[PDB]
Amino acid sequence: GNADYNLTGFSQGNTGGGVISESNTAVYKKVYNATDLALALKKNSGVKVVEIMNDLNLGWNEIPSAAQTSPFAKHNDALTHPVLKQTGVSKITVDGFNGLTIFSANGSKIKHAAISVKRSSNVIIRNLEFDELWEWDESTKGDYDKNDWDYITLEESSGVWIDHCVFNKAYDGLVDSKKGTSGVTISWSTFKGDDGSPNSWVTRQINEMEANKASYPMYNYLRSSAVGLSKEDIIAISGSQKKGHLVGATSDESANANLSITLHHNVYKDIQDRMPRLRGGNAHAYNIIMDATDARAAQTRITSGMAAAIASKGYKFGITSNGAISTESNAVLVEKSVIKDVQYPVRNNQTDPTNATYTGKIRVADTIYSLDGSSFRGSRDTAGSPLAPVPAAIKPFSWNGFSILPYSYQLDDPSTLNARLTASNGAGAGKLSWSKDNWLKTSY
């Protein structure tokens, strides 16, 4: 039952904005447009609950002039997506809030904006879908290093629960946790790539370039006889999301040791990397799914000779196939999860395998794994395990600062997890239909 939906993990104790009546207009704000949101989330507003009432199109050029002020700012410019070049892209900074809930009753969408949570505590964000924050990268040749658009970034914050949300493609990260942010739980959420339908977000981006190839040199090269990718090939390869969760963004900073995050009952569908990528702190994932089936299929479209031609011109275009990554003395435990078609599911050092300073600790327990039709269920520790950490000499697993995790939690069997998380009442926004006061609660 509904206790399956309880707050668990490192965000334990977070009550957000509390249980507040919708009639308490001073502290419960119903948001219908960008101006309402700007007024509600203005620093020191004192607002405790923000109810998003409908989809919000929050790009810098489409919002009312009254909304073009803190907490909204113009983000880095859209350079390539025909829609985003019109709408613009905003960055909305939630700063200094202590005890805040942002939710919608029926899975409203947040489009064309990044959210940054800074210097805040006890923030709950639930039942929202995040979309239309990706575009093709010409400027940095496939590296996605310019726009810096991420759906949610947490900085120097404490106690954050993101739950029953859905995230689509992003130029950079989906949910990143930085600058010592502690007490994060992300649960019951869907992270997915583009599905390649004929009017998909990615297809719309590619169709624009196909009609004007000379204006997009990387795209033009990929389509040219030097490489030989079809437009359909490029849509398929571009469908998967390049980056999941960056937990600790700067190398060898001691504030990273304070990062803590729990991921559970989430689906990561065609996410190429960072589930999570950790530096220094403590991350626990249980009952998650990393299903990279479509990304793995897309990789079949790039042969070795094509890959050589792509890289020979300095372009990055292809499929990364990573799962969980622990670096820089971090601790990651994955348990009772399902991993499909991820080639390197368990990584312990990204920077220099013979420099132990860059190695993290990582362990996987009772997890189902499949690669190209293989079948394994077990741990990272048994001889020959396909979940063994690579590539550095292994640092024996232990948490950082405690012997056992400081919370209890309920575990499902991984063999039935895919059915549960992909059901009509599974992970994501707009799946759970109950009275809206339930979105303010943290246990059932």
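When you see a residue number, it is the position in the sequence shown, counting from 1.
For the two regions 256-264 and 298-306, the entry's Cα B-factors average higher over 298-306.
In this entry, 348-356 has the higher mean Cα B-factor, the comparison being between 129-137 and 348-356.
Across 56, 31, 387, 66, the entry's maximum B-factor at the CA atom is seen for 66. Residue-level temperature factors show residue 188 in the lowest third of its chain, judged at the C-alpha atom. The entry lists a Cα temperature factor for residue 402 that places it in the lowest third of the chain's modelled residues. Residue-level temperature factors show residue 11 in the lowest third of its chain, judged at the C-alpha atom.
Remark: residue 95 belongs to the middle third of its chain, ranked by C-alpha B-factor as recorded. Remark: residue 215 belongs to the highest third of its chain, ranked by C-alpha B-factor as recorded.
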